[PDB]
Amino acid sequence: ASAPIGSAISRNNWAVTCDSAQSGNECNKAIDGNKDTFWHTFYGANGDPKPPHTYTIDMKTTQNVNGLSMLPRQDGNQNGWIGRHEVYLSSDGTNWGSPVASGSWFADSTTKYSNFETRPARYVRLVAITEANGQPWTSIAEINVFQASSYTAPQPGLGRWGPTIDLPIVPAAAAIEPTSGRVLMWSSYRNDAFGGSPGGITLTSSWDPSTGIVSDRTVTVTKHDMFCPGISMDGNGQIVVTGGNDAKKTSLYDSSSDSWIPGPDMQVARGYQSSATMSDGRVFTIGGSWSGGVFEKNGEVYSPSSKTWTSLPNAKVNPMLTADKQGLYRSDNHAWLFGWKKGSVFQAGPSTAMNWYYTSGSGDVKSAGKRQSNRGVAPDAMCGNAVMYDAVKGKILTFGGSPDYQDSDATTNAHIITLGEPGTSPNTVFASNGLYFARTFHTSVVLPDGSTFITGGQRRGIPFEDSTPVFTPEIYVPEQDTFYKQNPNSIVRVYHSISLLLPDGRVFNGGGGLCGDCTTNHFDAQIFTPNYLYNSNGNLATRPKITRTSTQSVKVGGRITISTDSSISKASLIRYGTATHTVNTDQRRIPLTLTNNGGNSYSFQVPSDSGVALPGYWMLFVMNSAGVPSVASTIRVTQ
């Protein structure tokens, strides 16, 4: 199931308007309170005009609208299920602006929702752009519009949430497809559940930021239900998805061809493990006792060149185990892994003990000391997040999480870990005064300016329950060692939520739930627009533009020359992300040192160390004096 975020507006005074309506199926049948009567557009007798079909509501009075719901016809007939759609709001009925929600609803008879940030409106319009099975018609049994108990204008300077992207699935895992700019998402064998899977299948969905189209694809070629996997972008530009519901499987997603290829089985059955791309483009993984048994699950390594997983039994998982009450089932999950120099992987937590993992020979592990500060030893932080916001300087910001996976109070603990050479114990200090809000199951991304955006989570980890939710996201600004609250959102994003940085410099935050009949499934995402995209008026800032790039593919240590339409003060490369279960081992940021060639021509060198400049796809952002980022130019970094 799912749920509206607001409460149903009284429909007694509503006037409704439909592009067409069969007699017996009038526009007002969608607002009569009867699940057995439905509006239906013209068919047969009147011909079959194709979509778009439009449902427009005059609520007569201004309401603080934060959603709609759409109950499909309930007669066992599929005709007119709304697929692609947009929701518009209006104060006058004439000027509709941009959609507050858009995307695609799953093809079934269940109630669908559009949950979105509160916006005072008197008119609400639902456009059915397509029918879920490609037929001419639109039918709605019941349409409802929801209100918050109040409206507060967003605070100026603190970013903006919206629009909502409606989805056919709960995007519990997601990646950017860097060659297309699209957002790839997946659930499990079902759009809303992982429990009861027979294995062998994954439902996926994509969102295209340019076209606004949400599509879907069922993946069976890899014989893999990819719920709760490791995810890494390898040096061959392929997303390596490991284990999970099918605990030994590897699936490979190729962005170029937009296709999935079977990968080799891992040596060890795993779920809830983290995997990390290494300096040589290979992928390391360790832990994961969520599936395939509970026992010591030591490291192993994937080569995209030989297409093999090789066990690294001496890369011991024991040192990175938390003291989780549930034991090994949880204690080896969601390692905060980062590919580093010379085939090493740093494990920053969640366990108090941090560790270096080595991938030469049959593997090794070396204690890197305890995550700590003058405030004390950091406790275990399961589902805390870790973000490498300056790879050049080895800077990792870690935050939140709880000592146990579940039934455990989250904390505001946050640290800055500074990586030096593998085998040395990094410096660790407390980050500012910690998070504003204790949270676990939150998600986070590094932004073009090096700040880290932190969103969602709850104070008390209760998977599948939307309790103690944190609605106010925070941004850590490293230069100021300060966290800033941003404008809050209205949709709970807890267990099974994701966040990714978009090429346009916005954040895509979605998912949560995946519990079948539970009401806490969120079949959506929302866009957060950072303040850096807004000028002092609160309008969208003029963005500097990259008018030419010397190349789209560079070796580590290589130079790229660009031209811009205006002078730029700062530049960054941000490695494209992947996300599930709080884990994102793919994103990282490199601050670029720019050579001003004059004439708005600039050059920079990609770091020569591939442990820093992890091979794969990266976003180049350039920022003007005003600190407004360009949209990203995609750069492939190779060895």
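Heads up: residue numbers just count along the shown sequence, starting at 1.
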query: 533-541 set against 224-232, stretch whose average Cα temperature factor tops the other in the entry; finding: 533-541
query: 483-491 versus 76-84 - greater average Cα B-factor per the deposited record; finding: 76-84
query: Candidate residues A153, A315, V446, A386, the one whose C-alpha B factor the record puts highest; finding: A153
query: C-alpha B-factor winner, where the candidates are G611, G577, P591, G44; finding: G44
query: Relative C-alpha B-factor of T582, binned into the chain's lowest, middle or highest third; finding: lowest
query: Record-listed C-alpha B factor of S291: chain third; finding: middle
query: Chain thirds of CA B-factor: placement of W137; finding: highest
query: CA B-factor placement of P120, once the chain's modelled residues are sorted into thirds; finding: highest
query: Relative C-alpha B-factor of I143, binned into the chain's lowest, middle or highest third; finding: highest
